[PDB]
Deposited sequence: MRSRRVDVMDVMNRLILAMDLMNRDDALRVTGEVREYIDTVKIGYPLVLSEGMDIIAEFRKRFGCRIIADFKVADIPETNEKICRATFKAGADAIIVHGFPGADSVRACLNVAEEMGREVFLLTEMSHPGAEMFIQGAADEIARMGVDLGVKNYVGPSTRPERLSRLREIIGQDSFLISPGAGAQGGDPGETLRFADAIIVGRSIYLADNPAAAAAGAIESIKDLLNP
């Protein structure tokens, strides 16, 4: 009850960098998805004012995938600017340590918003430093009372290890490895290209939600 409800357990990764395209696609799928993740490529290209535009046009929740990774004072300012622009939640790296995460939690508490802790990634290169730190980063989050987590699904069983550390109550989102395996552990899956590059995004979203069931 204390974590967000994501409609149909499906989050749109809106990774297009053009405002017209981003708004067009998002409008086509709003019947199916109430939660949209946007990142720096779009906001740097079009301005942070685009966040309020998504919310005012569509009434969707916005998660700012900004992978915040600075010192505490700077993290605080990034979070404040992002929440002031209307973001409901922000994604934060754990690798820079507990004080950097707490800075974000502080601003979220002040402003009534949410922090997601990114515990692990699974692109090539993640094996160098990230994967060996993942379990400790997750435990750091739990020890700090973090309730929302982002984890990779390339290895669904790792998603299980994460779920093991954070408990069943925490909110966990992940890209949608096989969605069937992923949804055993994640509360919602994140879907990008298969929807936003589709000839018919509405139909794509509708089909994804059916399979989720």
### Deposited-sequence stretches lacking C-alpha coordinates, listed in sequence order
1-5, 182-186, 224-228
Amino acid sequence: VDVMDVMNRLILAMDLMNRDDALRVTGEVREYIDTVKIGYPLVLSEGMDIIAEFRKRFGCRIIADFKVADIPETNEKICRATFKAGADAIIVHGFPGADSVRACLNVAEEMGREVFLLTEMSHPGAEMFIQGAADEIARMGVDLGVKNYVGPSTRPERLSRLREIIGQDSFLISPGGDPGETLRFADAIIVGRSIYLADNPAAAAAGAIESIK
From here on, numbers count along this sequence of modelled residues.
## Note on the structure
Assert higher mean C-alpha B factor (41-49 or 157-165, deposited values) equals 157-165
### Summary
Mean B factor on CA atoms, stretches 83-91 and 139-147, record says higher is 139-147
### Summary
On the chain's distribution of Cα B-factors, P72 falls within the third called lowest
### Task
Sorting the chain's modelled residues by C-alpha B-factor, tell me whether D65 ends up in the lowest, middle or highest third.
lowest
## Note on the structure
Split the chain's modelled residues into thirds by Cα B-factor; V29 lands in the highest
### Message
What third of the chain does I173 rank in for C-alpha temperature factor, lowest, middle or highest?
### Response
lowest
### Task
Sort the modelled residues of this chain by their C-alpha B factor and say whether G112 lands in the lowest, middle or highest third.
middle
